[PDB]
């Protein structure tokens, strides 16, 4: 089960643009100096890895990490078991994994000067934000509070250090430029399936409205909902009566209707409450966010779509976290993804 046979593997950079400092470069002057003089910088490019099996069947899969993550989460679980990259090469799909602009091997746009600043232009903000171990613990629903685990947890307990070390900050790159890089990738590889997670959920939906080569989407616990412009349904605030979920993204209806042309599945793990929970902000946040997504999928289906919501507990899988593809039962989670691909013929040539 750890063995993998690759016809080919590799990695490359795609997307991005260039920005430039003032003046001219002189090769006789000291080159190692604090200066943007005569400088050309490549910024906002994306890193892409691929592994291809011998005799691939069906469409390539593009795995797109969630917020603050990298392609590592598709490579291995925190306790060292095979990730979805290995599992789906074994399932005879070519597999692409990316580090989006601003994350991991993607570009972080900084120069000579305060972070993110190229002379007078602010490419990204100098002030950053970042989550904590404690924030990530409850965001990911390991348990209701740091140090605590829900009863039938599929988290790989004992490997907390490995898990939280994989997370980090994102600079303030425009979401337009992240979408642009993946649109370019989808043009490059041809017909494919996007497999997204959390923060890349809404970005993958946006990519699909720009790229007909996206033939299906599976999104693990997407973080932001998407609706036709001006048609966002009423969404309640959280139980604290003061907080709200992420403002839904709105796109013009002519683009939204492209989401009705491909199969789309949103997958949710366990321990999302049915009723308000004022004591546990992130549990309540997930309740209302999942509700918003159910309305988003309904709007897609009313336009002729093929969108569905899969709650892993309804499929017989209990205890999954916000990362079902690295949980202890990730092989069973992968089996459900294979089922989706097979149902729609995305595993056949």
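Positions refer to the first chain, counted from 1.
As listed in the deposited structure, the average C-alpha B-factor of 236 to 244 and of 252 to 260 is greater for 236 to 244. Of the two segments, 20 to 28 and 332 to 340, the one listed with the higher mean B-factor is 20 to 28 (C-alpha atoms only). Residue-level inspection of the entry shows that, of 65, 290, 55, 322, 55 has the top Cα B-factor. Per the deposited record, 229 carries the highest C-alpha B-factor of all listed residues (229, 103, 215, 165). Ranked by C-alpha B-factor against the other modelled residues of its chain, residue 176 falls in the highest third. Residue 140: CA B factor lies in the lowest third for its chain, per the PDB record. Sorting the modelled residues of the chain by their CA temperature factor places residue 51 in the lowest third. Compared with the other modelled residues of the chain, the Cα B-factor recorded for residue 276 ranks in the highest third. Sort the chain's modelled residues by C-alpha temperature factor and residue 132 lands in the highest third, per the entry.
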